[PDB]
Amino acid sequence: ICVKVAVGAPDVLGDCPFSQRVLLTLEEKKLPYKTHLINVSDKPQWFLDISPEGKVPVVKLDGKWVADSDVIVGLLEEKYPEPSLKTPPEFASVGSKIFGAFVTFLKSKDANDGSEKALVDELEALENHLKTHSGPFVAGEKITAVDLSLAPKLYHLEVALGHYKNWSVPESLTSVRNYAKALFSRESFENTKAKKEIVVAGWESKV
């Protein structure tokens, strides 16, 4: 068994945290996979045929192409249940606004707009959960789907805000920092992350 994954070429689309979420899921389930790069920044109709919104990642499972990383990891969970990555529904929303807050802050040219505070507000909510719930991960001792969704977002956050704004996560958010190190140090992450240079380049137009 070998899962086909369509991701963006680093030169044309950058690094995608939603693609790395899928790849992490395959790694953690030890599912073999082959990565096919999509060279196009445009949307040729054969690509919109496999992916209605013209987005990566897309995955080929059971001879059919399926887009959307939320759908993809859920379908991989149903097809390959061991090891289980099911996140208990009550933790599904943990960290959910962080990535969006980071993009606004990264984009912002007005240091007075409140974007930085909005991001710290979301990081603090993650910190509250991690300090008051057994770790290392959001749901406990075992890694689950919510952790593989957050990890590439935390990675892009730290890399991109460190380069474009020499901004780092506040030192007082020690649980968040231990959480990211625990995720970044995993074999699945080291084998699916992009060079910092790719991350930085992917975001240059937005800054």
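A residue's number is simply how far along the shown sequence it sits, counting from 1.
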item: 97-105 set against 111-119, stretch whose average Cα temperature factor tops the other in the entry; value: 111-119
item: Residue stretch of maximal mean CA temperature factor, 63-71 vs 40-48; value: 40-48
item: Out of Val169, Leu26, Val58, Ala151, residue topping the C-alpha B-factor column of the entry; value: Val169
item: Record-listed C-alpha B factor of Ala180: chain third; value: lowest
item: Chain thirds of CA B-factor: placement of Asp15; value: middle
item: Lowest, middle or highest third - CA B-factor, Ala9; value: highest
item: Third assignment of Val159 from its chain's C-alpha B-factors; value: lowest
item: Ranked C-alpha temperature factor of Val146 among modelled chain residues, by third; value: lowest
